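In what follows, a structure is listed as structure tokens, so that the remarks can point back to it.
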Amino acid sequence: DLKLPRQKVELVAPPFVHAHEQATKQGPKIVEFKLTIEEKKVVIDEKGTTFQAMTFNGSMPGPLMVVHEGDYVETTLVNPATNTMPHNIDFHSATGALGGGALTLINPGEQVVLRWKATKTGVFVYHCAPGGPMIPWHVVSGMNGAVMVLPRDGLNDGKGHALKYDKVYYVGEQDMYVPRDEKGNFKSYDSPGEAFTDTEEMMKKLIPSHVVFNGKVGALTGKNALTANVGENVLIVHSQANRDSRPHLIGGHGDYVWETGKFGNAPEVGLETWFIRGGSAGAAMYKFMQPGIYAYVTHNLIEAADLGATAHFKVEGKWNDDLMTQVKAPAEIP
Amino acid sequence: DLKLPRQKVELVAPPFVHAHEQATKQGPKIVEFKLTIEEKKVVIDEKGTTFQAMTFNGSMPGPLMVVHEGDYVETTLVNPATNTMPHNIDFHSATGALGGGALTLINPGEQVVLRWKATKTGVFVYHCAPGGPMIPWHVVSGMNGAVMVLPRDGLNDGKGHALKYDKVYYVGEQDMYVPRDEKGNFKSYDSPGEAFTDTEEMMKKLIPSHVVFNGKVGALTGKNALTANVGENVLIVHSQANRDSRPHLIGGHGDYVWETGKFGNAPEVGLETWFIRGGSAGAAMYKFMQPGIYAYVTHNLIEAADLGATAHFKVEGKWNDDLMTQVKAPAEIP
Amino acid sequence: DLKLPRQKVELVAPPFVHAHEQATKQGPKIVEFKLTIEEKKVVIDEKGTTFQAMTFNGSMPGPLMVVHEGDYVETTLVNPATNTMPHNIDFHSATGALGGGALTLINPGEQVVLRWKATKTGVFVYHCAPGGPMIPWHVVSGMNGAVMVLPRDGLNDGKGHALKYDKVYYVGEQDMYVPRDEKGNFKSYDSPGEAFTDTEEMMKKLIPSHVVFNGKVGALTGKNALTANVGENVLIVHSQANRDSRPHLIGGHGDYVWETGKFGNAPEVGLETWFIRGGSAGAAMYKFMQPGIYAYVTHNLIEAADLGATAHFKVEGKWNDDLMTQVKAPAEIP
Ligand SMILES: OC[C@H]1O[C@@](CO)(O[C@H]2O[C@H](CO)[C@@H](O)[C@H](O)[C@H]2O)[C@@H](O)[C@@H]1O
Ligand SMILES: OC[C@H]1O[C@@](CO)(O[C@H]2O[C@H](CO)[C@@H](O)[C@H](O)[C@H]2O)[C@@H](O)[C@@H]1O
Ligand SMILES: OC[C@H]1O[C@@](CO)(O[C@H]2O[C@H](CO)[C@@H](O)[C@H](O)[C@H]2O)[C@@H](O)[C@@H]1O
Ligand SMILES: O=N[O-]
Ligand SMILES: O=N[O-]
Ligand SMILES: O=N[O-]
Ligand SMILES: [Cu+2]
Ligand SMILES: [Cu+2]
Ligand SMILES: [Cu+2]
Ligand SMILES: [Cu+2]
Ligand SMILES: [Cu+2]
Ligand SMILES: [Cu+2]
């Protein structure tokens with residue numbers, strides 16, 4: 001029925017985001033994406049703890065999909081025979097059939113093609129949701145990502161002005177539940193199925209062992225720190241499919257923040273810390289003013305420093321002594 | 001002193017809501033309600049776990065009371081001699097005397113009549129609050145409900161347009177704390193008083209055993225699923241008197257959401273997931289676009305799927321293939 | 001370089017706030033503050049539990065600093081040789097160098113002078129953040145306070161009207177993690193260093209033993225209840241540097257609330273309960289209408305009643321029977 005132009009997107013791994021337009025002169029298109037599910041054992045911390053992950057496209061989070069209002073998003077979801085479990089996909093951006101979940105349940109060896117019309121603007125979670133107790137399990141095993149639906153005129157501040165970002169990053173936060181043995185060491189398992197009983201028991205107690213960005217402690221640091229230059233406006237999309245978070249850029253602010261993540265609402269301005277409700281994505285933009293290292297955290301600092309939820313930015317440019325200066329370096333008290 | 005017309009309301013059990021006007025040509029009235037407290041042992045899950053509940057009018061949540069701005073709400077609170085504990089009522093909608101709590105403490109065998117002027121619009125929690133450690137205990141035992149204070153002109157979108165709902169449901173969410181024995185089985189108790197010591201010990205650790213809607217796992221499913229038709233605008237009032245929640249309609253959205261619950265503020269639009277602060281009620285309206293089953297959850301999916309916090313909607317009407325379609329059913333990967 | 005007038009502030013202990021102007025005709029100044037760090041063992045509850053606290057200026061929270069937009073805040077941070085640990089300060093109001101933390105690390109025996117320009121309006125957390133796992137530890141040991149950056153025209157309602165408070169209080173909420181011995185009694189320690197291992201183990205489990213205002217159970221009660229008169233507009237600044245909170249004034253409302261705490265955004269109106277994201281300060285103003293006792297709580301009522309997070313207001317004036325009246329005192333049921 002649907003006679004619109006087709007455009008393929010090459011997805012890229014988080015925290016990066018596939019190339020896209022903000023404001024566009026294009027009309028509605030059918031935008032084609034492929035997600036291939038991968039179950040895999042991964043390392044989640046610097047001590048070598050392992051984890052039975054379940055992923056879209058091999059990453060935690062799944063990649064960010066970007067379209068415009070009124071596009072049709074046509075996803076080929078692939079569950080190779082090398083996986084063990086059925087899977088599906090639920091888009092919080094979509095209308096009907098449990099977000100798509102009721103139309104996309106696929107066994108290992110199968111694929112399905114779902115299309116949904118992008119009638120709601122904002123950033124939104126997508127996640128697997130097979131049914132029943134498998135829903136939380138697949139999500140907290142890593143099977144969640146996000147999609148961004150931009151207005152065709154790009155972003156605005158609510159107050160008629162365009163808000164154009166120079167770059168965008170996607171920070172997906174994952175609560176993980178790794179059981180411990182009697183000795184107190186984290187357990188390792190041979191399969192997701194073997195991990196399930198212990199993992200569910202822990203899940204129901206509601207306290208994660210790890211809270212990470214991009215799948216692992218320290219993922220968005222060192223070589224893989226986020227970057228910017230003084231003067232650049234950076235959009236940071238943050239999602240959490242199961243559990244609340246409170247993002248904060250240490251040494252910066254949220255200049256324009258959509259904490260509930262939906263562009264039909266004006267952004268709030270000048271925030272210190274914002275709030276991502278579990279089951280949602282939000283977004284914050286900041287124009288960097290100072291060079292140096294920043295930490296981007298959830299501001300439960302226990303989670304940030306001790307459970308894994310810290311990213312860095314390394315920012316280039318000239319220090320601004322008007323905004324901040326060390327008037328007197330550390331010295332002995334007179 | 002107060003010479004206004006009197007109107008009696010027949011309360012109805014949640015999730016339903018007693019008949020009322022949205023916009024009205026009536027002026028202020030004294031609106032009369034009766035709440036009769038019932039302490040009772042109830043079943044809270046499909047395994048037969050029992051629970052020492054304390055209720056207004058026999059239900060968890062207590063029933064939704066609906067009035068208009070500037071009405072006077074005159075409540076006869078009754079504590080029959082068949083109960084064991086003192087009780088009272090605190091309305092977050094009311095001004096003075098700890099919300100009414102300091103004027104309504106009644107022993108078994110007593111009743112009291114409190115009137116308060118509805119000067120604040122929105123949805124609001126009411127709950128028992130006897131004093132001290134009994135406050136949390138009575139609340140988490142089930143002694144909470146909500147009241148809705150509508151503008152006399154009905155609801156609006158902030159942007160001069162009326163927002164008229166076709167039906168309203170009240171979802172009261174309850175965190176419950178049922179201790180376990182050494183074997184790991186939930187305990188049963190002969191009285192609320194006998195449950196108290198174990199229950200308080202658990203409460204202070206801040207992790208519920210169950211998180212339910214309408215008093216029990218699965219209460220708002222099967223026969224008792226919520227219903228709608230494609231084209232109907234449904235208001236969903238959600239309250240949580242003690243603990244945060246993050247509502248989400250799976251396959252839908254919050255078209256207009258007052259997550260802090262107060263109609264003096266414009267609604268937010270197009271939300272995926274919203275946030276009910278513990279100690280509050282909020283409200284979301286959605287116009288259904290697709291038939292079929294929806295789940296309405298808190299989007300901590302562990303809580304939703306594993307601890308009890310899932311409702312269903314069954315929606316009648318015609319499927320819209322423009323909004324969503326299964327382009328290719330599950331098939332073997334080529 | 002900076003040739004502006006200098007003004008010294010004499011800080012005062014919370015919940016009080018040093019004298020300041022709301023609207024002002026002054027231009028930018030360099031506003032001088034001194035904070036002297038004190039590590040000390042304190043009592044945190046009415047049972048005599050002790051706690052290894054780390055403080056700015058001897059108090060939990062640290063004192064509220066008040067300036068205006070475009071002022072420069074020049075803080076002398078002093079770490080006397082009588083302390084054991086290094087410390088620093090991070091202002092969420094400031095731009096660059098991890099909020100100042102990267103420019104203020106001082107060993108016992110040292111002091112440092114940091115200046116930052118107040119370019120963001122609102123209430124903001126400040127806290128110590130030495131590095132790594134020490135960050136959460138110093139914060140949850142008490143090393144956090146707040147700063148308020150007022151517009152030069154004072155506060156407004158977003159809708160061109162001034163919002164002038166008659167008094168302001170600062171409620172700093174502290175999550176505390178005091179381990180228990182095998183017997184189940186809270187442990188005491190001879191030094192912060194000796195407390196660290198047990199305290200970190202508990203911290204990572206994310207459940208506080210105590211949640212207090214102004215450093216101790218019952219701190220803002222009795223002699224030290226907050227006060228008001230009917231007719232007075234009271235601003236209540238609330239901060240939580242590590243963990244969410246949901247403030248509520250029992251028997252009142254938030255007439256004007258900036259829950260995210262930033263004055264570039266209009267306040268919300270008529271709230272029952274608001275939400276302070278961990279890592280932030282927010283503010284609520286209320287004009288008292290009724291005399292008597294109010295409780296100001298976090299509306300996790302377990303936390304409020306059982307873990308320490310209750311303050312009182314004692315309010316003088318004339319009871320308003322229009323707003324609320326006891327129509328019939330407790331009596332036997334007919
Ligand atoms: O930022 C969204 C917010 O801005 C307002 C204007 O106050 O509308 C702007 O954004 C809309 C969505 O992009 C545009 O359609 C509109 O033309 C533009 O003024 C609000 O209505 C909206 O909530
Ligand atoms: O939806 C509430 C929001 O709308 C505004 C207009 O932007 O006011 C509307 O609602 C008021 C409350 O019902 C009415 O009194 C008013 O006349 C109407 O325009 C905002 O002021 C308010 O925050
Ligand atoms: O309350 C802040 C809110 O109000 C608006 C008007 O709707 O702006 C007012 O506040 C600004 C900050 O103090 C002033 O600069 C402005 O002149 C005044 O109208 C909004 O723009 C703002 O979000
Ligand atoms: O801003 N520091 O946690
Ligand atoms: O929207 N699904 O959890
Ligand atoms: O408002 N009482 O918890
Ligand atoms: Cu899956
Ligand atoms: Cu979901
Ligand atoms: Cu009671
Ligand atoms: Cu209450
Ligand atoms: Cu310190
Ligand atoms: Cu911080």
Side-chain angles (χ1 to χ4, degrees), chain A residues 88-94 98-101 124-129 135-136 138-139 143-146 239-242 246-253 272-273 277-281 294-301 304-305 310, chain B residues 246-253 272-273 294-301 304-305 310, chain C residues 35 37-39 52-56 62 77 79 83-94 98-101 104-108 124-131 134-146 192 239-242 277-281:
Chain A
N88 67 355
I89 190 164
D90 169 353
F91 288 95
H92 289 190
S93 49
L98 301 170
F124 300 81
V125 166
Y126 65 79
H127 65 82
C128 183
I135 298 172
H138 285 231
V139 173
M143 294 200 71
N144 62 91
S239 74
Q240 225 300 8
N242 191 62
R246 58 215 55 75
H248 176 90
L249 179 63
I250 304 179
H253 296 92
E272 67 190 305
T273 300
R277 295 142 189 65
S280 74
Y294 296 65
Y296 177 83
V297 298
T298 183
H299 213 294
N300 182 316
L301 299 172
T310 297
Chain B
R246 58 215 55 75
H248 176 90
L249 179 63
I250 304 179
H253 296 92
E272 67 190 305
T273 300
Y294 296 65
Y296 177 83
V297 298
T298 183
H299 213 294
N300 182 316
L301 299 172
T310 297
Chain C
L35 294 171
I37 297 151
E38 185 183 11
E39 300 167 11
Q52 285 290 348
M54 303 180 199
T55 74
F56 295 107
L77 183 70
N79 187 10
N83 292 323
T84 66
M85 289 173 275
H87 298 285
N88 67 355
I89 190 164
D90 169 353
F91 288 95
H92 289 190
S93 49
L98 301 170
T104 55
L105 191 64
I106 47 174
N107 291 314
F124 300 81
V125 166
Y126 65 79
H127 65 82
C128 183
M134 301 296 93
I135 298 172
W137 184 51
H138 285 231
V139 173
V140 303
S141 296
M143 294 200 71
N144 62 91
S239 74
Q240 225 300 8
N242 191 62
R277 295 142 189 65
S280 74

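Ligands are counted one by one from 1 in listed order, and the atoms in each one are counted from 1 as well. A note on names: the letters A, B, ... follow the listed sequences, proteins ahead of strands, and every chain is numbered from 1.
Among the atoms of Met143(C), an N, O or S atom falls under 2.8 Å from the Cu ion (ligand 11).
Shortest non-hydrogen contact noted between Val139(C) and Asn144(C) is O-ND2, 3.0 Å. Taking every heavy atom of both residues into account, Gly279(C) and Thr273(A) meet most closely at O-OG1, 2.8 Å. Nearest approach of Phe124(C) to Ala281(C), heavy atoms of both residues: N-CB, 3.9 Å.
Note on the Cu ion (ligand 12): protein N, O or S atoms under 2.8 Å away count 3, no waters included.
Aromatic ring centroids of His92(C) and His127(C) lie under 6.0 Å apart.
In this structure, a donor-acceptor pair under 3.5 Å is present between the side chains of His87(C) and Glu39(C).
Side-chain atoms of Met54(C) and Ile37(C), non-hydrogen and from C-beta on, never get closer than 4.5 Å to each other.
Considering just the N/O/S atoms of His138(C), the one nearest the Cu ion (ligand 11) carries the name ND1. Within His87(C), the N/O/S atom positioned nearest the Cu ion (ligand 11) carries the name ND1.
Within the 3.5 Å criterion, the main-chain N or O of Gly101(C) finds no donor-acceptor partner in the side chain of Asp90(C).
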